[PDB]
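Take a look at the structure set out below.
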Amino acid sequence: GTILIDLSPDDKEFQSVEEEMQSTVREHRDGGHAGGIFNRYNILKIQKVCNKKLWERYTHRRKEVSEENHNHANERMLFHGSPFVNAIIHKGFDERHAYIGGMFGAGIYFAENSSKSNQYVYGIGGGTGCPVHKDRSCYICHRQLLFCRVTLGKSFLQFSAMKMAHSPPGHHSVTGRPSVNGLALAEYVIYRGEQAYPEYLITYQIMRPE
Ligand SMILES: Oc1nc(-c2ccccn2)nc2c1CSCC2
Ligand SMILES: [Zn+2]
């Protein structure tokens, strides 16, 4: 079902995805332990994911959420990093892709900062790093993450952990907001796979700083 269409570096679409990817980078408090040490990426490839079946399920669910939220789906483009990016782009988000130990329970987690999702590309805590060198800060191996369409609808806002099986009643997602003793950066959780579509597949390296 899924077709990958390579975007050209001169396309305005490639450029706006690239800029979001680069501009939403932050320096993490773990000193790069999980995701590596870098200030920016080398963006090699951005591909559009075209799967009609997945898109239609996504738009059908988006319609439902929107009608349940005063005609506002509250859609945003958000990043997702995962060792499962290949299964995701062919068959969609399902419960294998959930982060069970997440602070808001087993849902699918998205970030508005690419570097946050970069921490999960090789696994939770960055796992054991790249398959070839077992280096969480590998500059050689090429990484992939997704820039996704996410339907948040009416989002339930939290500053601290609260483990849930689904979005609270009358809500369609949970947003972790940044706070003093809490999160450094935002996080967004959906508990239904049809509320995200993996629109862009980004191949990149983290860059070694000067
Ligand atoms: O992009 C992300 N991915 C994952 C993740 C976790 C387990 C399996 C697959 N992905 N977690 C988070 C983010 C970004 S928001 C913080 C949590
Ligand atoms: Zn490597």
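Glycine gets a Cβ as well: all are built from the backbone with ideal geometry, and neighbour counts include every protein chain shown. Read the figures in this text as sums done on the coordinates, not as results from a lab.
Please verify whether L145 is of a type outside the set (F, W, Y), in a loop (DSSP other than H, G, I, E, B), in contact with a helix residue (DSSP H, G or I) (Cβ under 6 Å, 6 or more places away or on another chain) and within 11 Å of ligand 1 (Cβ to nearest atom), treating the condition exactly as stated.
no
Kindly indicate the residue of segment 172-181 that is within 20 Å of the chain's Cα centre (by Cα) and not basic (K, R) and also farthest from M77 (Cα to Cα) among those meeting that condition.
Restricting to residues being within 20 Å of the chain's Cα centre (by Cα) and not basic (K, R), the top hit is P178.
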*Check segment 48-61 and report whether any residue there is in contact with a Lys or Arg (Cβ under 9 Å, 6 or more places away or on another chain), outside any strand (DSSP E or B) and more than 23 Å from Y197 (Cβ to Cβ).*
no
*Test: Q205 is in contact (Cβ under 8 Å) with a residue 40 or more places away in the chain and surrounded by fewer than 20 Cβ atoms within 10 Å (Cβ to Cβ)*: yes
*Looking at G127, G193, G123, which is the one that is closer than 24 Å to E68 by Cα, within 16 Å of ligand 1 (Cβ to nearest atom) and of a type outside the set (S, T, N, Q)?*
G193
*Scan segment 86-122 residue by residue and report those that are buried (at least 19 other Cβ atoms within 10 Å of the Cβ) and under 22 Å from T2 (Cα atoms).*
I88, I89, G92, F93, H97, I108, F110, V121
*Would you mind finding the one in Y139, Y197, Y191 that is touching a residue at least 40 places away in the same chain (Cβ under 8 Å), crowded, with 22+ Cβ neighbours inside 10 Å and of a type in the set (F, W, Y)?*
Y197
*asked:* Which of the numbered conditions does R40 fail, given that it passes all the others? Conditions: (1) closer than 23 Å to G92 by Cα; (2) touching a strand residue (DSSP E or B) at 6+ places or on another chain (Cβ under 9 Å).
replied: (1)
*Search segment 17-59 for residues being within 19 Å of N118 (Cβ to Cβ) and among the polar types (S, T, N, Q), and hand back the single one that is surrounded by the fewest Cβ atoms within 10 Å (Cβ to Cβ).*
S23
*Limited to segment 119-140, what total is found for residues that are of a type in the set (S, T, N, Q) and within 14 Å of ligand 2 (Cβ to nearest atom)?*
2
_So, in segment 1-34, exactly how many residues are closer than 25 Å to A87 by Cα and in a loop (DSSP other than H, G, I, E, B)?_
5
*Given the conditions (1) closer than 27 Å to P169 by Cβ; (2) more than 18 Å from the chain's Cα centre (by Cα); (3) assigned to a loop (DSSP other than H, G, I, E, B), and given that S66 satisfies all but one, which numbered condition is not satisfied?*
(3)
*Which of the residues spanning segment 12-49 are touching a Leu at 6+ places or on another chain (Cβ under 7 Å), hydrophobic (A, V, I, L, M, F, W, C) and touching a residue at least 40 places away in the same chain (Cβ under 8 Å)?*
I46, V49
*May I ask you to verify whether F156 is within 14 Å of the chain's Cα centre (by Cα), without any contact (Cβ under 8 Å) to a residue 60 or more places away in the chain and more than 16 Å from ligand 2 (Cβ to nearest atom)?*
no
_What's the number of the only condition in (1) part of a strand (DSSP E or B); (2) closer than 25 Å to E56 by Cβ that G153 fails to meet?_
(1)
